[PDB]
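K.L.:
This one's experimental. Sequence and coordinates below.
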Amino acid sequence: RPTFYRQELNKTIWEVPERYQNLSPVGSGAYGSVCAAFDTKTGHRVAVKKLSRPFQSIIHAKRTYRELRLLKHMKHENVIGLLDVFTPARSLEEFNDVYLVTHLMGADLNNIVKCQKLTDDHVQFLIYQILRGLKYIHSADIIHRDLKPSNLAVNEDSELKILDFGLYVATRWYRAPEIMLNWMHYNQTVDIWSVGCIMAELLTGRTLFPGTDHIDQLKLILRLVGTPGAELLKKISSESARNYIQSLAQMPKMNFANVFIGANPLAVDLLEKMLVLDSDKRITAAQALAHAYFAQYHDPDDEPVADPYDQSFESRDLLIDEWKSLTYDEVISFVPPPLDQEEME
Ligand SMILES: Nc1nccc(-c2c(-c3ccc(F)cc3)ncn2C2CCNCC2)n1
Ligand SMILES: N[C@]1(CO)[C@H]2C[C@@H]3C[C@@H](C[C@H]1C3)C2
Ligand SMILES: [Ca+2]
Ligand SMILES: [Ca+2]
Ligand SMILES: [Ca+2]
Ligand SMILES: [Ca+2]
Ligand SMILES: [Cl-]
């Protein structure tokens, strides 16, 4: 049995194995808060997320199970995955706390662009990694739906991982129009719109669509991409929303070459393929990885897809204690990955 110790962090007691030392808070995550730590078994730096009240309600209990199942499945260099999962509980009857462990990533994408004029080669690398991660999660029928710079973890060498996928006032500036406006259908390319918004901001240093509300953001979007056709209205349930959009003065699409002056023309071309209102005509992650903009990084042998992911639990309503027992089962069955899982190409 590992010896646990207790430490008050973020005004609450954490109980963690002696293996993990020097815990220091590094912010909140989805449904929990996060500490950096030193893993004395491997000498590696890790991030430990303590889930907040994981079994307080049917909502918390199912999302705890969902997050653990998702993170146990994610095995990709550009997607947050699990090094460890632990609980101080000695049995299911005591089980009330869940801690998730991953590699430490010191920053988010906002730390990278804030005080640094990025080079085009560096922008290519950052966006390439997002797209590689999205190809992987999308291949498992997992969509992020709220991709944005604060959901991209980055380390000291600009290596990037997507987090908080497949799951307080949030920024909406990177959300796909079909998501922000609650349209009746969408596909995995909601995340590609978000990539376009992020990439645009990495190239210009300015937020692409900094709208003050739903309607102001939509107006900024339409100024760039032009007024949509009537076929777009098909997707919008609310008559007042449809009537509003229809009543707008028509706007032509802008030439993105006039918006992103001085950018690599290949970057402009990629943006034109991402920032399209018609989600059926938006480029996919796998298609974008083949785009000439990423030629110096693209490597088809190193852009893998995911193993099939069984999401049948999503349609089921179970009792709190059933989700709790399922979660306990997933904690106990977890197999830590090898420290070194990669080989020279
Ligand atoms: N510093 C760092 N490094 C890696 C991940 C995180 C992390 C996690 C997280 C997820 C799963 C897990 F098992 C462990 C941690 N959730 C949110 N964040 C950060 C995301 C950027 N803002 C601060 C919190 N933070
Ligand atoms: N952000 C910008 C330029 O500042 C605004 C004006 C126009 C349309 C959108 C996207 C670009 C170009 C909003
Ligand atoms: Ca390679
Ligand atoms: Ca190796
Ligand atoms: Ca490495
Ligand atoms: Ca090869
Ligand atoms: Cl599975």
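P.N.:
Yep, that arrived. Residues are numbered from 1 along each chain as shown. Ligands and ions are numbered 1, 2, ... in the order given.
K.L.:
Which single residue of the stretch 201-345 of the chain ends up nearest ligand 4?
P.N.:
Nearest residue of the stretch 201-345 of the chain to ligand 4: residue 340, at 4.2 Å (CB to the ion). Using the backbone N, CA and C atoms, a C-beta is placed for each residue, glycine as well.
K.L.:
Now do the SS call for that residue.
P.N.:
coil (DSSP: H, G, I helix; E, B strand; the rest coil).
K.L.:
what about it, how many neighbours?
P.N.:
Residues contacting residue 340 under the criterion other CB atoms under 10 Å number 6.
K.L.:
and the gap between it and ligand 3?
P.N.:
Distance check for residue 340 against ligand 3: by CB to the ion, to the nearest Å, it reads 17 Å.
K.L.:
where does that residue fall, phi/psi-wise?
P.N.:
phi -110, psi 110 (degrees, to the nearest 10).
K.L.:
Would you mind naming what in the chain lies close to ligand 1?
P.N.:
Residues of the chain lying close to ligand 1 by CB under 6 Å from any ligand atom are 26-27, 29, 34, 47, 49, 80, 82, 100-102, 104-105, 108, 153, 163.
K.L.:
Let's see which of those end up in strands.
P.N.:
26-27, 29, 34, 47, 49, 100-102, 108, 153 (DSSP state E).
K.L.:
Pull out the buried members of those.
P.N.:
Among these, those scoring as buried are 26, 29, 34, 47, 49, 100-102, 108, 153 (criterion: 16 or more other CB atoms under 10 Å).
K.L.:
farthest-separated two in these?
P.N.:
Longest distance between any two of those is 18.8 Å, between 101 and 108; criterion CB to CB.
K.L.:
can you tell me the helix or strand for the residue in the stretch 51-200 of the chain that ligand 2 sits nearest to?
P.N.:
Nearest to ligand 2 in the stretch 51-200 of the chain, going by CB to the nearest ligand atom, is residue 200, at a distance of 7.9 Å. Taking DSSP states H and E as the definition, one finds residue 200 inside helix 190-204.
K.L.:
Likewise for residue 286?
P.N.:
Under the criterion of DSSP H and E, residue 286 resides in helix 285-289.
K.L.:
do the host helix or strand of residue 268 and ligand 2 meet?
P.N.:
Here residue 268, judged by DSSP H and E, is contained in helix 265-274. No. For helix 265-274 and ligand 2, the contact criterion (CB under 6 Å from any ligand atom) is not met; the two come no nearer than 10.8 Å.
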